[PDB]
Structures are given as structure tokens and as C-alpha cells.
């Protein structure tokens, strides 16, 4: 309708998954239950984007405890991976060797153990039906299918589900995911264990390695989703913003907003073309300064980013960068001091 709601809301990139999230809330689920049910659905309707073969982060806020937490369930490099394992973009983009260890299901399981109210199997139920019954291909997926027409049509295993008469499905056409339905059912019934150390594990390893990868059962056995009790935050006026730290881009977002807050943007900032143009120029300059520092970030378990992140979340640091933003001109790359070593 209008999409203002008096009690609860789910915003997902497919209507049907937002609905599935909403129904979960309605049936008494937590915000986490709803997110998981919706996420499982998005893995189907926007299968090009995300799903149980990938990884995720969840930022979670509890209005009772008033605490925020983060769940890190991003994929990890397999135990056999090494720095020089790839020599071309193609090698790092296509095939089994490009696959990192999927965190998705562990992530759902950790979030659900900590905050779930519905049973685990209930979160899968609606998506199991969706994948068996099929659904019209939506706008996002149809454009992705189009964008990747060649590779899909040339690869029998993808064409198997993503084609109709050996050409990529188009918007409105029915997409059915019968294998995933079966896999989702197994997950619903056997739990997360089935993926990481159970009835799916050997097949997963075999598929990845058959495609030239190096993921092993051990990799899956050993994957752990991680609880982050103290996520990044920044103070913005009377609000606090919780977001993930490295290895995600919280620090980058933090530096952008902290640089820009010293200008005190308001409705007036965009009222006239003179103000609007300066405002946008200033935004682009904050982007450039923030991305200059981004190249120092990495997995904080493997690289020491403590001070880098301290600077990026420091308002004083931000004010120093804001002071080098010239209102009348942008600058060359070196001006912003991008760094590749500390």
C-alpha cells in the first residue's frame, strides 16, 4: 500500500520474502526469526545475489536490553588456500577454486540459538514450498540472468534450472528450484549440522573439488560463526549507529559520516542549486578521503587494524580530513593519502 506499518515491518528485495518475514513476525517470531525466514526466501527469488552457498553479517539490536550485537558469518579462505593461489581474475572469479567456505547456515544457527522464538524448521517451511512450486522470475533476477546469459546458457548445470528451452528465463517466467527445496528440507529437519558435519557435507566437498576447488570436510567441520558483543558504533547527534567493524566497511561508513557531520547538513543544504552542488561536491570529497584509508583494512584476526580503525572512527581525525576538503575543487589521488602499508 503505502508501506508505513503501526507494529512491525520487513524490507527485503523481493515482495514475497518481505511477506514471509512479516508472517513469521505475525506468528510470534523474533526479529531474527523473520530475518532468517526472509533470507532463506531471498536465496531463492534472488538466487544470483545470496544464499546458503555464501556468507552474511547480521547487526542485531535488542530494545529491551538496549544492546546491539553483530554476528559474523562471512566465508573464510579454506585451510589449503595461500596468497599466490590465483594468477588471473578469471581464476579468482569462476570455478571451485574461487569458492570460500560458506558461513551462511552457521550464521543463521548462531542468530537463532541466541534470539529465535519460532522452531528452526518453521523458518524454512515457506521457502521449501516456494522452491517446489516455482515462482515468476522478478525484475532483479531477470536482469541478472540477462547480464550473465552466455555463461548460464553454456553451463548445463546452471541452465538446468535457470533456462527454459536452453535460453535464460525472463521476467514473469516460472523459476523452479527442486534440488534446493530438498536441501532446505534436510536443513530444516537435521539442523545446521547437516551442512557442516552431517548428511550434506561430503557432497558439498565433492561438488567444490569437482569444479577444481580445494575446500575439504575439515574446512566445513571447522567453520564457526562469531558473536561480536561490541560492534562498531558512532555517535551522530542524539543517535548511535551500530555497524560491523573490519572485515566489513563500518570504519569506512563511520569516516564518511564523521567527516560530513561537521558541515551540519540540513534541508537547506539542498534548497538551492548553489547549496546543493556544494553539498554533493563535499559528499564526493568525503567518499575519496574515506576510501583512501580503506586499503589498510583486512580481517582483524590476521592483520592489525586497531589504530587504522581508531583513526577512521575518530571525529578529530575526521575534522582533519574535512579541513582539507576544498570547496571549489577536487584533487589528485595522492592528495587523499591512500595507503597500502601502515
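Residue numbers count along the first chain shown, from 1.
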| note | Comparing mean C-alpha B factor in the record for 141 to 149 and 194 to 202, the higher one is 141 to 149
| request: Higher average CA B factor in the deposited record is what I'm after, so tell me if that's 63 to 71 or 285 to 293. | output: 63 to 71
| note | Entry record, C-alpha B-factors for 273, 43, 54, 300; the maximum is at 273
| query | If you compare 122, 164, 106, 79, which has the highest Cα B-factor in the entry? | reply | 164
| said: Which third, lowest, middle or highest, does the C-alpha temperature factor of residue 279 belong to within its own chain? | reply: middle
| note | residue 89: CA B-factor among chain residues, third -> highest
| said: Where does the C-alpha B-factor of residue 50 rank in its chain, lowest, middle or highest third? | reply: lowest
| query | According to the PDB entry, is the CA B factor of residue 25 in the bottom, middle or top third of its chain, that is, lowest, middle or highest? | reply | highest
| Chain thirds of CA B-factor: placement of residue 309 | highest
